[PDB]
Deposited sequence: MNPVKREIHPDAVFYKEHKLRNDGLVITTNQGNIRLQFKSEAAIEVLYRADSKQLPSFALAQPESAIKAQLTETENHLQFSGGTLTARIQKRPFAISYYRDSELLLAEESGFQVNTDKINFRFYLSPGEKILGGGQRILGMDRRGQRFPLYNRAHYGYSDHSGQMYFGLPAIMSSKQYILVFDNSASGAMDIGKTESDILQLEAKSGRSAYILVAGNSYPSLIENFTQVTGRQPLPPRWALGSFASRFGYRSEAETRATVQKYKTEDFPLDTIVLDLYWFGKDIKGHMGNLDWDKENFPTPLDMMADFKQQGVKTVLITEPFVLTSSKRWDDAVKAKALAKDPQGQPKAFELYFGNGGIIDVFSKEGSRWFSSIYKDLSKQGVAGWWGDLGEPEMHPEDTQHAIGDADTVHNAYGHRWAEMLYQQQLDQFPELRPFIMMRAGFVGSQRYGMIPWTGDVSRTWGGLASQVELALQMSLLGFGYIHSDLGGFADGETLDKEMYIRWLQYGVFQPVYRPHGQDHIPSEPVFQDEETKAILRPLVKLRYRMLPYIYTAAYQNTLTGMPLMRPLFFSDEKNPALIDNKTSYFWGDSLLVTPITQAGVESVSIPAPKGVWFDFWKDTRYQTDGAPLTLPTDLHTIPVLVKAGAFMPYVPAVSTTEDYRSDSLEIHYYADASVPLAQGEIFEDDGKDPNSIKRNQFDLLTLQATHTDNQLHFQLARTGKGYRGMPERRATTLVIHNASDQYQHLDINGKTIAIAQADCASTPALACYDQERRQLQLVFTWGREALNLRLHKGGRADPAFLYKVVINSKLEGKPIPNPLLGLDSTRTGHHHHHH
């Protein structure tokens, strides 16, 4: 039995007293509220919130039976007797407490028909209603087509009613999404903070904008993060690492970054972890290695882990520095891991953080450009391990999150003019604000492992992680390459956030070590990835601005059709491309549930119109099915080997014209690819294109804003290819000057405007300078 007794309003927050204790309510924005039960008691702070101490002005009104506490769009309605809080957007019920709060336990009602995404990485179906699962980050080695518990859980859900609910608790716990009781959402933890956060929105984009506003926005990664990575588990030597960089050159595959797994610090998988320094028998001249790679535009990333083994060179020093978590007796805690016997660096302590940070600083000074943190669940984390702020079970799901924060802060302190690259396997809600780029762990080399990746990506993307990706080609076990699976996985790779093939080294993960057929297929696609950098990097910019994920689910296309929520086989890559990965062997055709409208075959230019019915496309081995939305501007630059050579002096833009799209817009974001302050300081060149398409005219308005950046081209040579262009356009005006449109020999003359009747493509070639440009095509 819980009932209201009294309330006070202090520092814009509502403090309610019930018979059971105090509850603190603070609006973190107009659309988001933090509800803290046991507010009078000492407890761990928020991990989810970017500004945990903010509380914006709200209005409180009181009635006989209720209080209402209201920000601009979200309202909390507090029923006095019995005590229960419910949440409204406008006049619409989002979520109501059932018994609410009662070791730690929250119970809410679910509405009939309500669909619930969430929980982070699980392979259960996109709608997790009907499922129960733990909140305890944990390895799932070799997973394929099913998982209730893996590396990176999130204590959060997204509802078809367009709210996001976060359980802001770091402890070992559980989520029961109407499994045990069909109309009850239950959140449980053994200990930790007794708080939740509700975020509302008017659309899925806005919801995500509102969520990332209070949990954190990902800073723009360095543009090289969008390039080709060489990786395996693991390069065994400097000579082998150099030979791999060389293989990319001699095989003509793009390469930005080479990744070094655990052999960089010892010759065996076991026994060396914690050395955190070069194994000189196998990496004899590592400074030269990294410098030599830098001359070829290639970055070096090194693996690190939380654990320091008692067999490692740094055990005695870690103990001396008090860097390791302790037992209740106060000695360093040691325990068995896969890798051997050892302790865990206490990233929650001053001592642990300074010690680990110093090691990162030193290696970064030597030439390391980015960082890979593996095993941050932490993979093994015995219950009686004590960290500075609590025991293992209490802090477990935030260890990785704090590890990212530590490393992020460290990298910014060392290199304030560079964007940190931090790739980790486990985090918390908000970890994206520390630049965390997650990957979906040790996936099996099976079709099932591939077939799960869109589900996993969308689930993480929706709740803050735009750069979620997979080990391309698969990671775990296998005895010989499954060639078709590998090709499909690396094709899909082009259209997902990070291009990082990676696997256990008994089978090659890198595309340069594949057979002639496989390379003939993948080489033009890895180059396509580079040619498409302006499209991808523009989506990255939008992710930084608004949280908008790079991969978007099919359900964004129609928010009034909740059945689309179940789709985990077709997704949007940026605004304009609907991608359907092939995820089983021998598939001869696919049925693509394209939204109502006009669509083009990305590869073949075929125009399709549909009023709802799916489109059936044949498959081939050299592509996966990709449709372009009518009204898309697809921007390309010439392929380079490394993003260090990126230029946009030459632009090629493809516009997909159709009379059904009378107004279309596109943008291309350009900056120096490296300055972490480029967006804040307007040191960029934002190119905008607008098409106006009427019965007798097609008009393009081109412009640039922003303050520019060093090396920005003043004038770009631009080729605009208009697909599905009318054969009736007779003239072009460029800023009022009339130019005839040639109707022959478009590929064989230096034509300024030419219509190719066989391809229905109208090509315009012009100089795009700093002033506004209008191109008018007239029948």
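- Missing from the model, relative to the deposited sequence, are the stretches 1-11, 114-117, 795-836.
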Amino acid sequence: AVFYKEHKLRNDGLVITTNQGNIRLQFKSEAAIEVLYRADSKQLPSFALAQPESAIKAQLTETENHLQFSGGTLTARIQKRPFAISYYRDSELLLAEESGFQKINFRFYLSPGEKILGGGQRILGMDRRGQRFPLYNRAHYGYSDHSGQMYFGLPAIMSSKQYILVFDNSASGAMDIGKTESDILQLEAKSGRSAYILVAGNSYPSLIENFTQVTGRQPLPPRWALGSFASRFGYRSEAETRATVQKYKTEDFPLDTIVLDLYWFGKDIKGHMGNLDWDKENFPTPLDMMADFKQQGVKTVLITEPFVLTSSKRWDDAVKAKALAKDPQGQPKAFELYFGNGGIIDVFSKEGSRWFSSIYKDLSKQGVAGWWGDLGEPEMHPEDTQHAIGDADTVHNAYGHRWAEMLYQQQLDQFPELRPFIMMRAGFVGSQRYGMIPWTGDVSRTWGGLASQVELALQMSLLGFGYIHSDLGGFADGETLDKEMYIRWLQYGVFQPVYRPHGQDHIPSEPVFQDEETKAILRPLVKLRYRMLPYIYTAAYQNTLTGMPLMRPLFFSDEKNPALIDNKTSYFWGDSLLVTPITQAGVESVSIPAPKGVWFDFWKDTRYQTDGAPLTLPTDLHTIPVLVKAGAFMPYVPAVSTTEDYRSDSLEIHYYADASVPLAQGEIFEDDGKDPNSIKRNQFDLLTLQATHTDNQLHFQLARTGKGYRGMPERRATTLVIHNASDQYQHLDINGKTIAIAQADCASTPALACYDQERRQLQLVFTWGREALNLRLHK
From here on, numbers count along this sequence of modelled residues.
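- Stretch comparison (511-519 versus 86-94) by mean CA B-factor in the PDB entry places 86-94 on top.
- For the pair 687-695 and 68-76, the record assigns the higher mean C-alpha temperature factor to 68-76.
- Remark: of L456, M485, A613, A476, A613 shows the highest value [criterion: C-alpha B-factor in the PDB entry].
- Residue-level inspection of the entry shows that, of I258, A334, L577, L490, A334 has the top Cα B-factor.
- The entry lists a Cα temperature factor for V721 that places it in the lowest third of the chain's modelled residues.
- Sort the chain's modelled residues by C-alpha temperature factor and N105 lands in the highest third, per the entry.
- When all modelled residues of the chain are sorted by CA temperature factor, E417 is found within the highest third.
- Sort the modelled residues of the chain by CA B factor and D675 lands in the middle third.
- Split the chain's modelled residues into thirds by C-alpha temperature factor. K365 is in the highest one.
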